[PDB]
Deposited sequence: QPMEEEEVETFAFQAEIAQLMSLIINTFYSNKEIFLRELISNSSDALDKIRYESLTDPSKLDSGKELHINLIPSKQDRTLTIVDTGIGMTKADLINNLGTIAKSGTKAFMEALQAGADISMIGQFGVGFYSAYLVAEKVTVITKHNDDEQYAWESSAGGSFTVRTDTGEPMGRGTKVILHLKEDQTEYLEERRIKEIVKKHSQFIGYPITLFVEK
């Protein structure tokens, strides 16, 4: 079954602003998603220090960047702590409320400071018409979150191949944003914004 939810009003407003504002510096989305992955890897690494069984779902802590010109997608994969169903439906949005209000006040400021308000994920909509999030947290099931904005998102149990643990952010890119599938563009962005991330970042090459 697919459940459909309304974004909190302030998050719907933020998403419309990101989608509708003229802003050429769209590449900051990738640094924000890599930062989220790094934070998630930090969290599971920390938790493993007192409960080693937390890594039974996979010992490798890494980030993969996977472009697909065929699917017109850029996928950011991590083996971090992952998100629970409650994370996806309510709890992360609840935390994002205060940051969203503060960010939207500041804009009224540059869109590139979005990460300093804890809502960097939504910068994905600078480049993506739809975002699909596949995520697996220890002691919860594997879920697919999805939204093309417009005020709603869906959550379902994922039937795709299992992940073990972590999060895959699948960016279904807008037609005019296919530069983010080019190897040299991704390398340039990571080198400029994410050169000091403390986990291996592997940029997959297309076949």
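In sequence order, which parts of the deposited sequence are missing C-alpha coordinates? In sequence order, the gaps with no modelled C-alpha are 1 to 6, 115 to 116.
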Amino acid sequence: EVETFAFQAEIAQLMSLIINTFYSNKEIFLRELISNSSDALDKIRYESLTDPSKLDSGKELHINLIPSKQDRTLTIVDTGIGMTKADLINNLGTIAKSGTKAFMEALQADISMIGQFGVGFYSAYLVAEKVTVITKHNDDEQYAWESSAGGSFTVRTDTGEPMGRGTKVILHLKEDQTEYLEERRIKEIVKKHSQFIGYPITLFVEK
From here on, numbers count along this sequence of modelled residues.
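176 to 184 or 29 to 37, whichever carries the higher mean Cα B-factor: Stretch with the higher mean C-alpha B-factor: 176 to 184.
As stated in the PDB record, which stretch has the larger average Cα B-factor, 143 to 151 or 157 to 165? According to the PDB entry, the answer is 157 to 165.
Using only modelled residues of the chain, where does the Cα B factor of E129 rank: lowest third, middle third or highest third? Middle third.
Chain thirds of CA B-factor: placement of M15: For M15, the deposited C-alpha B-factor lands in the lowest third.
Of the three thirds of its chain by CA temperature factor, lowest, middle or highest, which one includes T79? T79: CA B-factor falls in the lowest third of its chain.
Is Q116 in the lowest, middle or highest third of its chain when residues are ranked by C-alpha B-factor? Highest third, going by the recorded CA B-factors of the chain.
Mind checking which third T100 falls in for C-alpha B-factor across the chain? As the PDB entry reports it, the C-alpha B-factor of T100 lands in the middle third of its chain.
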